[PDB]
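Next up is one chain by itself, shown in structure tokens, the form deposited in one PDB entry.
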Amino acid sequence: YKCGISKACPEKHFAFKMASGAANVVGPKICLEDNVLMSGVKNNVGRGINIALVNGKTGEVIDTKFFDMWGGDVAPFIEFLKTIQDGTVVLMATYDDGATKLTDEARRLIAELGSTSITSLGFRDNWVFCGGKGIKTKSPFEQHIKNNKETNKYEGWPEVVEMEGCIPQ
């Protein structure tokens, strides 16, 4: 399968596989639609947050950048986050450390992209995230049982499908 994933993605969906760095030795890896976007082999990764911007319609790479969140300036990273346009898939991966230079503004911008963990990201924590700006997210509340004569509880119809959960206010 594309990117080396376990199951084939449904129609009109982009396959992805990503990993954070291993200490300060092995760089992170970002792969989308069987194309390696960022990696140590590609030599386009570095210490801090490694970001890949992808076109939400075609699946093609827009830009790949890395910002040193230990020994670098947060200002060009905040500027890069603000330039992100609507309909862009945002893939982020840490290498060594991606939290020391983070500000409230930087954490707020990443949280707006769909991140829950960025507000609690600390020194040397490993983190992988795939969000976006102006991208419709699929619901985690969905259950579907196919009409299959082989296994149908009522023969002509399948069994009742049940679901319970908590919808965020």
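One-based numbering along the sequence shown. What we label the rigid core is the largest C-alpha set whose atoms superpose within 1.5 Å from one form to the other. Only residues modelled in both forms are compared.
The next section is about a form of this same protein that is not shown, the form deposited in another entry.
Trainee: Once you line up the core, how about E155: does its CA shift reach 2 Å between this form and the one not shown?
Mentor: Moves: yes, 2 Å or greater.
Trainee: Superposing on the rigid core, I want to see if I145 changes position between this form and the one not shown - specifically a Cα shift of 2 Å or more.
Mentor: Shift at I145: 2 Å or more after core fit.
Trainee: Distance change of 3 Å or more between the C-alpha atoms of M163 and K7 in that other deposited form: closer or farther compared with this structure?
Mentor: Nearer in that other deposited form, by 3 Å or more.
Trainee: Between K7 and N152, does the Cα distance in that other deposited form come out closer or farther than in this form, changing by 3 Å or more?
Mentor: Their C-alpha distance grows by at least 3 Å in that other deposited form.
Trainee: For residues common to both forms, which consecutive runs of 3 or more show C-alpha displacement of 2 Å or more between this form and the one not shown upon rigid core superposition, listed in sequence order?
Mentor: Run 139-169 stands out as the only one displaced between this form and the one not shown - at least 3 residues long.
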